[PDB]
Amino acid sequence: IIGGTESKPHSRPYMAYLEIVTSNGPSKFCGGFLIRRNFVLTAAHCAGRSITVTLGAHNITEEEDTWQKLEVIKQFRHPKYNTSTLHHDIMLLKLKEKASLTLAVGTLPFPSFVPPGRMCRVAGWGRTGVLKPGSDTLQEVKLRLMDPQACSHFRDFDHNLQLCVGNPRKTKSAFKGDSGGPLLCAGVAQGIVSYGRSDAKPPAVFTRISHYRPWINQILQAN
Ligand SMILES: Cc1ccc2sc([C@@H](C3=C(O)[C@](C)(c4ccccc4)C3=O)c3ccccc3)c(C)c2c1
Ligand SMILES: [Zn+2]
């Protein structure tokens with residue numbers, strides 16, 4: 001998160017910190033959010049050979065009793081996810097066991113477009129600048145929902161599939177390490193962080209989760 005503030009600790013109890021493991025390079029990191037006690041929603045580009053989920057975190061470098069480190073038993077990457085266009089960048093992670101509900105850990109379901117100009121909030125442990133490491137503490141930032149023409153330069157952006165997020169006048173933005181984190185508008189999840197420019201200039205592209213709620217429900221019911 002660039003240009004944000006430290007979250008009040010444990011004030012976003014659905015947030016998930018993901019470590020993405022692959023066979024041929026070191027760990028990478030993503031966000032996500034708990035939508036059922038045994039399912040986390042995140043981005044498809046965060047898929048790996050294995051993933052570990054930490055719930056209940058604030059400072060991710062300091063173990064505490066609120067942490068729940070949970071095993072992922074299966075990744076459900078959207079069947080139409082396209083590595084070239086980045087369309088359908090959404091994935092469900094099934095946890096081995098149901099998380100414990102605590103003050104610091106709870107679910108965020110979302111029900112069945114928010115107009116541009118509205119302000120929304122996104123949180124994450126991602127990089128705080130182009131040349132900066134991920135934040136040790138959960139950060140959050142208020143971003144403007146944009147008209148889709150603001151993201152035209154992402155040639156594979158599509159308004160019905162995706163949200164365009166972050167006024168280009170500001171440096172405020174989601175960034176690397178924040179993928180999969182939820183965008184909340186008036187307390188309701190509307191998007192997840194998908195991608196943006198390597199130089200961090202907003203807007204960034206978020207998956208429009210409304211479009212995917214039927215698919216999410218089909219995975220939840222079958223599993
Ligand atoms: C402004 C703005 C906001 C969010 C974003 S995520 C993003 C970038 C990205 C990475 O690099 C990682 C940290 C990543 C990659 C693979 C596995 C796990 C983690 C990630 O996320 C991206 C790459 C490949 C596909 C989609 C996104 C960039 C450049 C970016 C930029
Ligand atoms: Zn704590």
Filtered hits (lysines, Cα-Cα < 27 Å from residue 74, offset >= 8 within chain) -> 28, 94, 96, 98, 176
Rounded to the nearest 500, what is the 222 nm mean residue ellipticity of the chain from helices alone, with -39500 (n - 2.57) per DSSP H run of 4+ residues and division by all residues?
-1500 deg cm²/dmol
Compute the normalised compactness of the chain: alpha-carbon radius of gyration over 2.2 N^0.38 Å, N being the residue count.
0.93
With R₀ set to 30 angstrom, the calculated FRET efficiency between the beta-carbons of residue 147 and residue 59, to the nearest 0.05, is 0.20
Magnitude of the Cβ-charge dipole of segment 1-87, K/R +1 and D/E -1, about the Cα centre, nearest 20 debye?
560
Gap separating the Cα centres of segment 71-89 and segment 94-115, nearest whole Å:
19
Please list, by residue number, everything in segment 170-209 whose backbone N is under 16 Å from a paramagnetic label point 7 Å out along Cα→Cβ of residue 130.
170-176, 196-204
Along the dipole axis of segment 118-223 (charges at Cβ: +1 for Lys and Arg, -1 for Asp and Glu; origin at the Cα centre), the most positive-end residue among 205, 161, 220 is 205
In vacuo Debye scattering of segment 110-192, one point per C-alpha: log10 I(q)/I(0) at q = 0.11, 0.26 Å⁻¹?
-0.29, -1.40
To the nearest 20 debye, segment 8-166 has a Cα-centred charge dipole, built from +1 on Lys and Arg Cβ and -1 on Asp and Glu Cβ, of 340
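From the gyration tensor of the Cα coordinates in segment 54-98, what semi-axes in whole Å does the equivalent ellipsoid have, largest first, with each one equal to sqrt(5λ)?
On the way: eigenvalues 167, 40, 8 Å².
Listed largest to smallest, the semi-axes of segment 54-98 are 29, 14, 6 Å.
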Ascending count of other beta-carbon atoms within 10 Å, so fewest first, for 87, 58
87, 58
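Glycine gets a Cβ as well: all are built from the backbone with ideal geometry, and neighbour counts include every protein chain shown. Each value in this text was obtained by applying a stated rule to the coordinates, not by laboratory testing.
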